Every structure is written in C-alpha cells, then in structure tokens.
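**Student:** Below are the structure tokens for one structure; questions will follow.
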Ligand SMILES: *[C@@H]1O[C@H](CO)[C@@H](O[C@@H]2O[C@H](CO)[C@@H](O[C@@H]3O[C@H](CO[C@H]4O[C@H](CO)[C@@H](O)[C@H](O[C@H]5O[C@H](CO)[C@@H](O)[C@H](O)[C@@H]5O)[C@@H]4O)[C@@H](O)[C@H](O[C@H]4O[C@H](CO)[C@@H](O)[C@H](O)[C@@H]4O)[C@@H]3O)[C@H](O)[C@H]2NC(C)=O)[C@H](O)[C@H]1NC(C)=O
Ligand SMILES: *[C@@H]1O[C@H](CO)[C@@H](O)[C@H](O)[C@H]1NC(C)=O
Ligand SMILES: *[C@@H]1O[C@H](CO)[C@@H](O)[C@H](O)[C@H]1NC(C)=O
Ligand SMILES: *[C@@H]1O[C@H](CO)[C@@H](O)[C@H](O)[C@H]1NC(C)=O
Ligand SMILES: *[C@@H]1O[C@H](CO)[C@@H](O)[C@H](O)[C@H]1NC(C)=O
Ligand SMILES: *[C@@H]1O[C@H](CO)[C@@H](O)[C@H](O)[C@H]1NC(C)=O
Ligand SMILES: *[C@@H]1O[C@H](CO)[C@@H](O)[C@H](O)[C@H]1NC(C)=O
Ligand SMILES: *[C@@H]1O[C@H](CO)[C@@H](O)[C@H](O)[C@H]1NC(C)=O
Ligand SMILES: *[C@@H]1O[C@H](CO)[C@@H](O)[C@H](O)[C@H]1NC(C)=O
Ligand SMILES: *[C@@H]1O[C@H](CO)[C@@H](O)[C@H](O)[C@H]1NC(C)=O
Ligand SMILES: *[C@@H]1O[C@H](CO)[C@@H](O)[C@H](O)[C@H]1NC(C)=O
C-alpha cells in the first residue's frame, strides 16, 4: 500500500477545520400532554 | 426497550470470586442505573445494589457491601439515543449459600421517585 | 424476609385474585412505595406495578394496586390461563433499594 | 443551576420545561459580501420568530411559555404514560415521536381558540 | 365547511366572523433582479403585520381575534340595527360605510386602554 | 392636554406615565444610495421593536403598558421614597440613577414569570 500527496479541490482545506462544526435549526415549539385544562 | 445479555454459568467453589458481565444495547446506557438482584436457594430474591453509569455512584445493601465489586465501563455510542454499555459484578467471600441465579436490571426512569427501580432485566447466570 | 406476603392463593379462569404484602413499620407502608414483580421460576421477571398503584408500560389494565397504612394489595382481574407464577412485592423509596417480599404462588387450574 | 443555552438538551422533558426563558432570550438576539448576506440573515431571524409568535397568538398562548389548552391528548399520537414522558424522555426524543401528528395538533389548537372567544363574545353579550 | 382564504368574502359579517383564523394564518406566511425585489417584499410583509399587531397591543387585544372594548358605538358612525349588520352586510360593505370614522375609533380604543391599566395599577395599590 | 411625541420628557414620572400610548404609536411607524440605506433602517426599526416586545413577553407583560410584577424593590437600587420619585423626578433622571441595576431587574422579571406559569400548570393539574 503506497500513498502519494495531492489535492486541488479547495474544500478539502476548509473541511479539515470545519469537521468539528455542524449547523442546526432551533424549533422551540413543543406540544406535549399533561393533566391541565384552561377555564371557562 | 433493549437487551441486557449476561455471561454464562461459571460454577466455581467456595473461597474464590466470580465476575459476571452485563452488556447492554438498544438504550442509552448512561441514562439508567444497573441494579443487581439474585434469587438463591435458601431464601427468596435479594436486592444487592445498583450503580449509576453517569454519576459513577454506587448504592448497595449492607448485606453485600463488603462483598460486591460493582463497576461499569463507558458507553460506545451507536446512534443519538442508543449506545452499548457494560456492567461488571463480583462477590468476595463466596460460599454455597450464595448459589443462585443472578441478573442485572436497568433502572426504570431518569427522574421521579422510581429512578433506579429494576425494570428491564437480563436472562440470568447460574453460580456455584 | 420482614415483608411477609400472602403465602399462596389459588384461583379460577375469569375470576380475580388478591395478594397481600405487609411487614413491620420499618419497611411498610405509608412511608414507602410498593412494587410488584411477576417472577417465573428463576427466569426473567417483569415489573407489573410501581409507586403503589402505577402500572408499567405494556401491563394489561387487569392488574390493579392499593396500599393502605398497613398492607399493600395486588389484584389480578379476569384471570387468563397464562397467569400461574410467583408474585413478589418490594418496598422502596427514592434513594434506597428493594426490600423484596416472601412470594406468593398463584394457581389458575380450572 | 444555570446550564445555559440548550443546556438541558439531554435532560428529561420535566427538567428542561423549567429552563425555557434561557432559550427564549437567544431566539431573537444571540447567545459588501456579508453585508447582503448579513442582512439576509437579520431578516430570516425575524420571520422565523414571528411565525412562532403567530401560532402562539392564534392558540391563545400569546405571552405564555407554558400554556394549557382544550385539545385532549389523543392516545393515537403517543400512548405513553405521563411519568414515562416527563421523567424519562428528552425533548429531542419527543419531537421525533410526535413528528407526524405535529401538524394535526396545530390546527386543533386554532379553532379551539376561535370558538373560545366566540363563546366569550356571547358570555359578555348581556 | 372550510371555505379557504377569504372564502367568506361575500358572506355576512356574522358568518365571516367565525372564519378569522383562516385569514390570520396566511397574513405572514402565504396561502439578483427579484433577489432585491423579493427581500423588499419579505420586509414589507413583516412591517404591515407588526403594525396590525401594534394596534392590537395598545388596545388590550394582543392575542385576541374577537375583542370586546369599552368604546360605545356612536350612532353617528352608523345608525344601523344589530340584526341588519351581522346578518345582512358583508365585511367589505362595512369597511366602506365606516371608512371615514375608522381613524376616530382607533384613537378611542387606545386611551380606553391606557386609562384602564392606570386604573388597574391603582386597583392593586393596596 | 395632548403634548405630543416625547411631550412629557421634562415632566414628572407620574405625569408622563399617563402619556405612554403617544410614544408607543411612533415607535414602529413614525411621528439606490438610500435604497439600501433606507432598507437598512426599515430592518433595524423592527429588530429594536421586537426586542422590547420580547422582554415584555418573557415578563408576562405582553400587551401591557403599565405592568405590575412580583420582584420587590431592592432599596439598594434606589433608596428614594415613592412621593419623591413620581412627583419630582423625570423619566430621564430615573433611567440614569437606575443605569447600573437595570440589567439585574430584567433577569428577575424573567424567572418570576417562568416560575409563575410553572405554578399555574400545577394550579390547573386537578
Ligand atoms: C444526565 O443523565 C443522567 C442519567 O440519566 C442524569 O442522572 C440522573 O439524574 C436523576 C435526577 O437528576 C437522578 O434521580 C435522582 O436520584 C436520587 C438518588 O441519589 C441519592 O442517592 C444516591 C445513592 O445513595 C447518591 O449518589 C446521591 O447523593 C449525591 O451525591 C452523588 C455523588 O456520587 C451525586 O452524583 C448525586 O447526584 C447526588 O447529588 C443522592 O443522595 C434521588 O434521591 C432523587 O429523587 C428525589 O428527587 C426527585 C426529583 O428530582 C423526587 O421526585 C424524589 O421524590 C426525590 O425527592 C432523583 O430521583 C438519577 O439517579 C440520575 N442517574 C441515573 C438516572 O442513572 C442527569 O441528571 C442528567 N443531567 C443532565 C444535565 O441532563
Ligand atoms: C473492586 O473494587 C476495588 C475497591 O477498592 C477496586 O480497587 C478494584 O479496582 C475493583 N476491581 C477491579 C477488577 O478493578
Ligand atoms: C384521534 O385521532 C383520529 C384521527 O387521527 C380521530 O379519528 C379520533 O377521533 C381521535 N380520537 C380522539 C379520542 O380524539
Ligand atoms: C399510564 O399510561 C397508559 C398509556 O401507556 C394509560 O393506558 C394508563 O391509563 C396510564 N395510567 C395512569 C394511572 O395514568
Ligand atoms: C410517520 O410516517 C412515516 C411514514 O413513512 C412512518 O414510517 C413513521 O413511523 C411515522 N411516525 C411514527 C411516530 O409512527
Ligand atoms: C359621537 O361623535 C361626535 C363627534 O364625531 C361627538 O361629538 C359625540 O359626542 C359622539 N356621541 C356619542 C354618544 O359618543
Ligand atoms: C335597531 O337599530 C336602530 C338603529 O337604526 C335603533 O334606533 C333601534 O333602537 C334598534 N332597536 C333594537 C331593538 O335594537
Ligand atoms: C366620507 O367623507 C366624504 C367626503 O367627500 C363623503 O363624501 C362620504 O359620504 C363620507 N362617508 C360616509 C360614509 O358618509
Ligand atoms: C438586594 O440586592 C443584593 C445584590 O445586589 C442582594 O444580595 C440582596 O439580597 C437584595 N436585597 C433584597 C431585599 O432584595
Ligand atoms: C420613604 O422612603 C424612604 C426611603 O428613602 C423609606 O425609608 C421610608 O420608609 C419611606 N416612608 C414611607 C412612609 O413610605
Ligand atoms: C454605576 O457604576 C459606576 C462605575 O464606575 C459608578 O461610578 C456609578 O456611581 C454607578 N451608578 C450609580 C447610580 O451609583
């Protein structure tokens, strides 16, 4: 097994520092049940 | 909602110590205690103790505190809410009075008043 | 041990049984929760009922619980054939362990 | 304790339900290339916020963080007991198990509000 | 029935007053030429919405769809009976007949709110 | 009288507290060089407004102009009597004397709301 250098696709460079990161989207609305009801 | 497979029937003799395994899957291992319970011939079932894989804390009955080695590994996460864990059990001064089936049991909840309650069990291991 | 159960009781198909579970003040009952376990002989048990009357997931609504100041009771409404086993009760709190009971074998021969 | 933004992300739904104003603060402020890319973000942030405030307004929960409603919990959505939800599952697990039925509930929370004030307009019609 | 967005546009004011959350949903979401023309629209939509939510906030109707007030109906605005408004006229006809007096009412709905909470600050001053 | 926008800027805090809807109206509407400079302003105006409406929402004051809370007045913030504040000082003077402690109060007004509705979710749990 022999290994040779190379590259070119410049996103390999950014990928070597953006591997630690990930974008997520906050969705703060949650529906869940309890024994609670509103008055009249 | 996962399995808690254990080791085999390792029958030794008095004086020695026996190590029994408990490999988990299907659930986040660090989220629930691992209770240890035995049903020997001569008594009924007896609660030995549980250990928290997250807090690393241990609580066990005074009838087994000076006998039981209770340790755990650290989970190898599989997915976001799944993992694979491992809990170990040993006993010191072993006799023929400790002959019986031994199981591990995942705790019930992650909060409330029934947190450590042995809910999800394994299959059993026959001692001496 | 100290948590004396109901020795043994028999039953019949379609009927309902009742298992006792009581001990001294040091383990029962008004200051402790009670859990009930269906335990086949030396095999995989099953949590039926925790925190007195609360049922575990997947537990049929046949099993009902009730804890008085002196004794805890486990009912098995509408006996189905797959019910013959030994039932154990455990006394516990939030930061303690299980004080298992003496056991009660239930027969359904009918 | 003060866990911080999304601190109770792995905690039970009962524990996280007490730390709501933490994630409520940083939902609108924060915890010529990019002048048009920055302005494109300062507009998107407001639109996502006003949508969540729009649904809260048509459910009667405008200004509420914990808001009780009139829609009873259909067991078809999740046949889980109460103590096996808030003392066991995390809010991330819950949003997955209710992913499908989440749109059904949002409509039921609307007409239960428009009929409610329509009943209140009659309650004060005397 | 579910008429849809503006479905009851030709229906009586009493019938349309029950289908308010239908038009309330699509008021903020929907039922490089145009990158700057699209962004110009995504900003205008929020500003028109926040103005309508601004007036509702200074009238005490924040979160309300049907909101009862304290301003009595001046017969000079429209001397029409109640059953000849909600069971006869459409909301499009009504907005024309009250076109002039519409600005007078918006001010009366404001000070009737600032004096109301000023009275409530005294109601809780003991 | 009708002083106008910021009319009671030099008046006592008690007099100005009755003319709040005057400054509340002109906070969102008003009393290709600058096409991108105008749009830059039409976005900033909404963001400043939604921040002030964000704090009012997490304090339980959404829709309120005068809003009473649960946080008792710490004498360390200002050891001034009641009649020497509202009948003597102006709102501009007050904002200076409470400049430091202004951030402490905003947090206390938040958890006093999240604990309040957490108590109300238990009040309706029966
Ligand atoms: C991350 O995920 C983990 C795992 O899911 C969470 O850990 C679990 O947290 C819950 C609640 O936070 C725990 O339940 C509680 O259990 C206690 C029992 O602890 C007592 O006894 C222990 C053994 O004697 C002892 O370790 C404790 O002593 C302290 O010191 C240890 C040092 O090792 C420290 O680590 C502990 O944390 C203790 O502080 C203690 O004496 C039980 O008493 C609790 O019940 C009370 O409170 C509940 C409400 O909270 C109430 O309903 C009860 O009636 C009772 O009043 C409570 O049930 C659970 O044991 C933890 N471990 C598990 C599930 O394996 C962790 O919280 C998560 N963190 C985040 C940030 O998400
Ligand atoms: C058993 O417990 C003892 C307690 O001191 C600990 O030192 C030891 O490491 C444990 N057993 C093993 C195999 O690690
Ligand atoms: C549950 O939802 C189904 C449709 O998803 C509906 O047909 C049924 O009536 C609902 N049941 C209850 C009790 O609300
Ligand atoms: C517990 O939850 C189950 C749903 O899984 C429900 O059928 C049962 O009635 C609940 N019991 C109690 C006591 O709330
Ligand atoms: C949602 O719908 C998909 C359809 O592919 C289904 O696989 C999934 O199980 C549904 N969600 C739940 C919680 O059942
Ligand atoms: C009706 O409005 C006029 C001004 O348009 C006003 O002078 C009059 O007092 C009002 N009447 C009532 C009863 O409100
Ligand atoms: C009906 O409306 C008219 C206004 O056109 C009014 O004068 C009259 O008092 C009303 N009658 C009733 C019974 O409401
Ligand atoms: C509004 O004012 C105009 C002034 O030209 C007048 O013609 C019109 O009749 C007024 N509206 C109504 C409903 O009277
Ligand atoms: C006043 O604030 C200080 C901190 O600024 C705090 O330590 C103290 O407890 C507060 N006193 C009262 C009465 O709220
Ligand atoms: C007046 O304000 C002072 C604070 O400077 C306070 O100590 C005093 O108790 C107040 N008296 C009355 C009657 O409110
Ligand atoms: C606020 O802090 C500064 C710190 O330099 C201090 O000089 C000032 O007196 C403080 N404000 C008040 C009202 O005391």
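Note that each Cβ is placed from the backbone with ideal geometry, even for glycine, and that neighbours are counted across all protein chains shown. Computed from the coordinates by the stated procedures, all read-outs in this text should not be read as laboratory data.
**Student:** Could you list, in sequence order, all residues of the stretch B:106-115 that are surrounded by 18 or more Cβ atoms within 10 Å (Cβ to Cβ) and within 8 Å of another protein chain (Cβ to nearest Cβ)?
**Tutor:** B:108, B:109, B:110, B:112, B:114, B:115
**Student:** Restricting to the stretch C:56-104, count the residues that are part of a strand (DSSP E or B) and surrounded by 15 or more Cβ atoms within 10 Å (Cβ to Cβ). Before the answer, list the steps.
**Tutor:** At the first step, the residues of the stretch C:56-104 found to be part of a strand (DSSP E or B) are C:63-67, C:72-76, C:85-92, C:99-100, C:104.
The next check asks that each one be surrounded by 15 or more Cβ atoms within 10 Å (Cβ to Cβ); those that pass are C:63-65, C:67, C:72-74, C:76, C:85-92, C:99-100, C:104.
Number satisfying all stated conditions: 19.
**Student:** Can you pull out the strands (runs of 3 or more DSSP E) entirely within the stretch B:1-82 that have at least 2 residues that are more than 16 Å from ligand 3 (Cβ to nearest atom) and within 12 Å of chain C (Cβ to nearest Cβ)?
**Tutor:** B:4-6, B:34-40, B:45-51, B:58-60
**Student:** I'd like the full set of residues that are more than 11 Å from chain B (Cβ to nearest Cβ) and either in contact with a helix residue (DSSP H, G or I) (Cβ under 8 Å, 6 or more places away or on another chain) or part of a strand (DSSP E or B) (or both), limited to the stretch C:15-33.
**Tutor:** Across the stretch C:15-33, the qualifying residues are C:17, C:18, C:19, C:20, C:21, C:22.
**Student:** Report, by residue number, each residue of the stretch D:82-107 that is assigned to a loop (DSSP other than H, G, I, E, B), surrounded by 13 or more Cβ atoms within 10 Å (Cβ to Cβ) and more than 10 Å from chain A (Cβ to nearest Cβ).
**Tutor:** The answer is D:83, D:84, D:87, D:88.
**Student:** Return the only residue of D:39, D:55, D:27, D:44 being closer than 23 Å to residue E:51 by Cβ, within 16 Å of the chain's Cα centre (by Cα) and within 14 Å of chain E (Cβ to nearest Cβ).
**Tutor:** Being closer than 23 Å to residue E:51 by Cβ, within 16 Å of the chain's Cα centre (by Cα) and within 14 Å of chain E (Cβ to nearest Cβ) holds for just one of D:39, D:55, D:27, D:44, which is D:55.
**Student:** Within the stretch F:58-81, how many residues turn out to be exposed (fewer than 13 other Cβ atoms within 10 Å of the Cβ) and under 11 Å from the mean Cα position of the chain (by Cα)?
**Tutor:** Qualifying residue count for the region: 0.
**Student:** Can you tell which of F:9, F:125 is over 21 Å from residue D:57 (Cβ atoms), within 14 Å of chain D (Cβ to nearest Cβ) and surrounded by fewer than 15 Cβ atoms within 10 Å (Cβ to Cβ)?
**Tutor:** F:125
**Student:** Within the stretch A:7-40, which residues are over 29 Å from the mean Cα position of the chain (by Cα) and loosely packed, with under 10 Cβ neighbours inside 10 Å?
**Tutor:** A:39, A:40
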